[PDB]
Amino acid sequence: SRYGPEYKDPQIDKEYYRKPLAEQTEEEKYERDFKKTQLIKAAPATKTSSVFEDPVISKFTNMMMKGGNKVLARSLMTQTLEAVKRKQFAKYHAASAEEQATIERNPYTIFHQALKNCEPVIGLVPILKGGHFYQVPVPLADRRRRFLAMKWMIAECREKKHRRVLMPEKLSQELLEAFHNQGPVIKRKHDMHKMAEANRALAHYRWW
Amino acid sequence: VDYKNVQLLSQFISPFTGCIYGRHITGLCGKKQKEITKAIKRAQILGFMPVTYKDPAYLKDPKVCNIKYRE
Amino acid sequence: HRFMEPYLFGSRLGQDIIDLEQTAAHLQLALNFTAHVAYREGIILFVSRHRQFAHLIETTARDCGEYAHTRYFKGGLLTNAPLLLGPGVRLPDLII
Amino acid sequence: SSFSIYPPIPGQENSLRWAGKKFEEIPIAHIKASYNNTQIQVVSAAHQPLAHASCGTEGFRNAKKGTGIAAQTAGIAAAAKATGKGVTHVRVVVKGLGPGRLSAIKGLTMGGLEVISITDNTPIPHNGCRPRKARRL
Amino acid sequence: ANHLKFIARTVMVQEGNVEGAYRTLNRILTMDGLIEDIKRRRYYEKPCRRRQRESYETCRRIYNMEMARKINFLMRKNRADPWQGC
Amino acid sequence: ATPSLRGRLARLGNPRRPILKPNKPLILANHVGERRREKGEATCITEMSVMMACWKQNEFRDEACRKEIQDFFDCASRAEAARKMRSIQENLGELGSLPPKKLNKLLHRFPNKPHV
Amino acid sequence: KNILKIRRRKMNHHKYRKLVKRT
RNA sequence: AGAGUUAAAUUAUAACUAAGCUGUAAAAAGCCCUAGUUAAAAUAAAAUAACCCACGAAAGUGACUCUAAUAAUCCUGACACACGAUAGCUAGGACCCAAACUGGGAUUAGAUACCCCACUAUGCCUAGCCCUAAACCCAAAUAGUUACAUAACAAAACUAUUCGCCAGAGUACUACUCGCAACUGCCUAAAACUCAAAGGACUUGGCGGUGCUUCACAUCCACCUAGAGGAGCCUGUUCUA
Ligand SMILES: [Mg+2]
Ligand SMILES: [Mg+2]
Ligand SMILES: [Mg+2]
Ligand SMILES: [Mg+2]
Ligand SMILES: [Mg+2]
Ligand SMILES: [Mg+2]
Ligand SMILES: [Mg+2]
Ligand SMILES: [Mg+2]
Ligand SMILES: [Mg+2]
Ligand SMILES: [Mg+2]
Ligand SMILES: [Mg+2]
Ligand SMILES: [Mg+2]
Ligand SMILES: [Mg+2]
Ligand SMILES: [Mg+2]
Ligand SMILES: [Mg+2]
Ligand SMILES: [Mg+2]
Ligand SMILES: [Mg+2]
Ligand SMILES: [Mg+2]
Ligand SMILES: [Mg+2]
Ligand SMILES: [Mg+2]
Ligand SMILES: [Mg+2]
Ligand SMILES: [Mg+2]
Ligand SMILES: [Mg+2]
Ligand SMILES: [Mg+2]
Ligand SMILES: [Mg+2]
Ligand SMILES: [Mg+2]
Ligand SMILES: [Mg+2]
Ligand SMILES: [Mg+2]
Ligand SMILES: [Mg+2]
């Protein structure tokens, strides 16, 4: 908040600025953007015009970080991606042509699919009625479900590993297990869905 | 107003319920609202007119009442 | 209004008809007084709060060389003159 | 298109058929909707019981079975057991004013069953028995 | 009970839409006070409580009626004002 | 038409006995009340129950039913859009009537006279 | 307000009735 | 006041069908000789009309029919005469449903309460008692006036004729008396003693486990991050010394 409310967030996308001539409403829109004499916040250190950066990978990176270490967390993220890659190459060369057509070697699509598989559909909020606290099923917003997915991942791969075991190892393990739906993280998501069905009547207590 | 004629009476009754409409609905002098009422009650217990619904036969008679159910 | 009845000629079909004989008799004396006040060099204020004729009245008073308050009347205006208007003041010798 | 909200009187010539049957021949779904529970029973026009489903029958328990979700579940279960005996259409009779009225009705609809008429028969004394005393003296 | 069944408090569904039919029904019952009476009869209300309720309701109705009447009588004068900044 | 006020209240002249006992005096106030905000109820419960039946049947594998999950999500989005966009338009448009503020101003322009 | 008087009488009477019961 | 009648419920009781039904903020206990639907007497109570404002002296009276019937050529008037809601009493009959009491179940520190279930006196009919209510519209009856005129609040202010009442607060709808089908009753109704006030209306606050709006931006809930409370030490309190 060293920026007044006057300051708009920057649009970092290059493709937007490079190819303007085919869209009327957007031409009018960013015309109104700069011509309004609108101040713009200085673009963040984390965010780049890079063609190689995934916002989700960056969020997970941040969520891994302890203290002020961007270096150590980016390190463990890099190492985990590399570990998933090489684990899938090791799984690729020991297989046969069919399974060489099937198996995915992209650590990015494995990350995104593992997290989409690990995100919960529905959730639980406590509600006070008649001097008792009842756990009630609540539909969740998208961002909340993504968050829950990532946080559950980091929670498990921090907590449940043996102390000898390194982080990129355990994390790549669980990324590949949650890709295939068989990981303890998806078991947690299932505990949530089962506790959301056990209480389903109590869905009337929700007033919103 | 005569208890013997069920048509005129059942004009002032709610079709679905069998209730008697009030003044704000029928729009009568107090005298005639009274009269209609007493008449209805008498015709109902003497066995001329049904209590719990308007007799289907009289459904399509002129509607004099101000109520609108279906909107 | 109850005090208006001696001034009414009568009521024609619910509308009240003011007796214009009395109206003339009164308006005579009113104009008489008003002129005598202006003759002796004293301040005449036209007061109305009605927004139709506000402009008309302000115009009228400006053209008689007289003063008009047609606006929202400030609370202590006549009672507490010295504070609202100034250190010492003259007050209207007649108000219309 | 002339559509009457009012039903087809028996003595009338009126021709409307649902699967060829007269309005009178259609089975009846009785829904008792009470504050603590909802019971549903589908019956022949001849008053022979076809199907019975309740919120208790549906494996809910005390407070839970009051809710509209439970009513809907019982409605679906009822419509299933009823279509098993092959009833396509039904006339609904709703007895009582409670949490499970509408839920049990559209739970009959959701349960793959067709509702033609919806009647409300709720006991309305013209002053019979005095009801029990008000709570919080 | 001794009356013929299905002639009263009955609505026929149109084109298979049940929700609108039930709505029509509920509006009927509410119109005739049947709902308020169903609700009021769940517990006995002692004659004096009743008397009080009726008196209050009638007062309420008088006030509401009269207020709505002054509203609609005054509604014309909500138009944009002619004399603005006079 | 308005229910009659003749002979209803207890007064020194009145022959009969009171019908109405007014809690507070019946005089038209120079303002109206503020609209009562609607009591909220649970939304999407139907689609939820459908989805939960789907789950109970298919043993809680999400891959099994992709329709009920997507439709519950769709419904929740329509409920959010409802909550956000309905607040403003329900707080402004009264349909055939006026917002309580304008009504009050109007009434203050033409006040009830108890006095005089 | 006036209820204070009524409360006094209420209590007195109650007490007295209790007394008659005992005595 | 009599006599006759019953639409909606509800129930004995069968007939199918279902294993549960009932009950709460939530449960337990209860019931499964239960529940839903289809049949149904008796009993009791009288939706809507009624946004009406009638009848009766008051209490009261609002399902239907009929009989009988609502004093005074109309001032006031008792301790005399006749009535008088609910509860209660005596005797006989009824009993659907409700329900003091009581017994179970919860709640709670306790809960001889509020909440849940069961059941009784009692509510109903006949006959006789009892004679009280915040029996208050806290505004006497009969004639008038809208003149003079605002303590406050409330239902604006007053004249005339009457009757009934009222002389600080408690003590006291009490003790003692008379009378009374009342015998834990009603009625009538003091004093010793105690106090210097007791009261009525208002004003401005504060408060409210009171209602309606609008909010909380590290902030209550929902939610994010890191810690404290457990270990050792460091340092400060409290005790003991
Ligand atoms: Mg009490
Ligand atoms: Mg009278
Ligand atoms: Mg009051
Ligand atoms: Mg005392
Ligand atoms: Mg008798
Ligand atoms: Mg019957
Ligand atoms: Mg019996
Ligand atoms: Mg048990
Ligand atoms: Mg009746
Ligand atoms: Mg007479
Ligand atoms: Mg006399
Ligand atoms: Mg008595
Ligand atoms: Mg007896
Ligand atoms: Mg008994
Ligand atoms: Mg009971
Ligand atoms: Mg006990
Ligand atoms: Mg008795
Ligand atoms: Mg009384
Ligand atoms: Mg008195
Ligand atoms: Mg007298
Ligand atoms: Mg004394
Ligand atoms: Mg007494
Ligand atoms: Mg005594
Ligand atoms: Mg003595
Ligand atoms: Mg904080
Ligand atoms: Mg630390
Ligand atoms: Mg710690
Ligand atoms: Mg420590
Ligand atoms: Mg110290």
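If you check the header, you'll see the entry was determined by cryo-EM and the resolution is listed as 3.2 Å.

Looking at the PDB entry, chain D carries the name 28S ribosomal protein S11, mitochondrial, with the source organism given as Sus scrofa. Here chain D is described in UniProt, under the heading Subcellular location (unreviewed entry), as follows: "Mitochondrion". Of chain D, the UniProt comment under Sequence similarities (unreviewed entry) reads exactly: "Belongs to the universal ribosomal protein uS11 family."

The name the PDB entry assigns to chain C is Mitochondrial ribosomal protein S2, from the organism Sus scrofa.

Asks: With reference to specific residues and values, describe the arrangement of the chains.
Replies: Counting contacts across all 8 pairs of chains found in contact, the highest total belongs to chains D and E. Over all C-alpha pairs, chain B and chain F never come within contact, reaching a minimum spacing of 7 Å.

Asks: I'd like a description of the sheet that holds strand β4 (residues 67–69) of chain C, backed by residues and values.
Replies: Residue and element names in this part refer to chain C. Strand order across the open sheet formed by 3 strands is β4-β3-β5, with parallel pairing between neighbours. Every other strand in the sheet has two partners, leaving β4 and β5 (94–95) as the edge strands with one partner each. Note that strand β3 (residues 44–47) and β5 share 2 bridges and pair parallel. Among the inter-strand pairings, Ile44 is bridged to a residue of β5, identified as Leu94. Helix α2 (residues 54–64) contacts β3 and β4 of the sheet and is inclined by roughly 160° relative to β4.

Asks: So what's going on with the interface of chain D and chain B? Which residues, and what values?
Replies: Taken together, the contact pairs 4 residues of chain D with 5 residues of chain B. Both faces considered, chain D and chain B share a buried interface measuring about 460 Å² in area, 83% of it formed by carbon and sulfur atoms. Among the residues chain D hides against chain B, the three largest losses belong to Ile5, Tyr6 and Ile9 of chain D. Together they make up 79% of the total. Summed over the shared surface of chain D and chain B, the number is 0 salt bridges. Taken together, chain D and chain B are joined by 0 residue pairs in polar contact. Tallied by class, residues from the side of chain D that touches chain B come to 4 nonpolar, no polar and no charged.

Asks: Describe the sheet that holds strand β3 (residues 49–54) of chain D, and please don't skip the residues or the numbers.
Replies: Within the open sheet, the 6 strands sit side by side as β3(D)-β2(D)-β1(D)-β4(D)-β5(D)-β1(E). Their pairing is mixed. A single partner strand is all that each edge strand has here, and the edge strands are β3 of chain D together with β1 (10–12) of chain E. Recorded for the sheet is a direction-independent mean angle of 20° between the axes of neighbouring strands. Note that strand β4 (residues 89–95) of chain D and strand β5 (residues 114–120) of chain D share 5 bridges and pair parallel. Counted as the bridge partner of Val92 of chain D is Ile118 of chain D from β5 of chain D. Of the strands in this sheet, β1 (28–34), β2 (37–43), β4 and β5 of chain D touch helix α2 (residues 101–110) of chain D, which is tilted by about 150° from β1 of chain D. Across the sheet, helix α1 (residues 18–31) of chain E is in contact with β5 of chain D together with β1 of chain E; its angle to β5 of chain D comes to roughly 5°.

Conventions adopted
Residues numbered from 1 in each chain as written, not as in the entry; some residues may be left out. Chains lettered and ligands numbered in written order. Part of a larger assembly, values for the part shown. Heavy atoms only, no water. UniProt positions renumbered as here; feature names shortened; annotations may be inferred. Contact = heavy atoms within 4.5 Å. Pairing = 2+ DSSP bridges. Helix = DSSP H or I, 4+ residues; strand = E, 2+ residues; numbered from the N terminus. Axes fitted to C-alpha atoms, helices over the stretch in contact; angles between N-to-C directions. Buried area = accessible area lost by both parts, 1.4 Å probe. Salt bridge = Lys/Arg side-chain N within 4 Å of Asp/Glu carboxyl O. Polar contact = N/O pair within 3.5 Å; in protein donor to acceptor, adjacent residues only side chain to side chain. Nonpolar A, V, L, I, M, F, W, Y, C, P; charged D, E, K, R; others polar.

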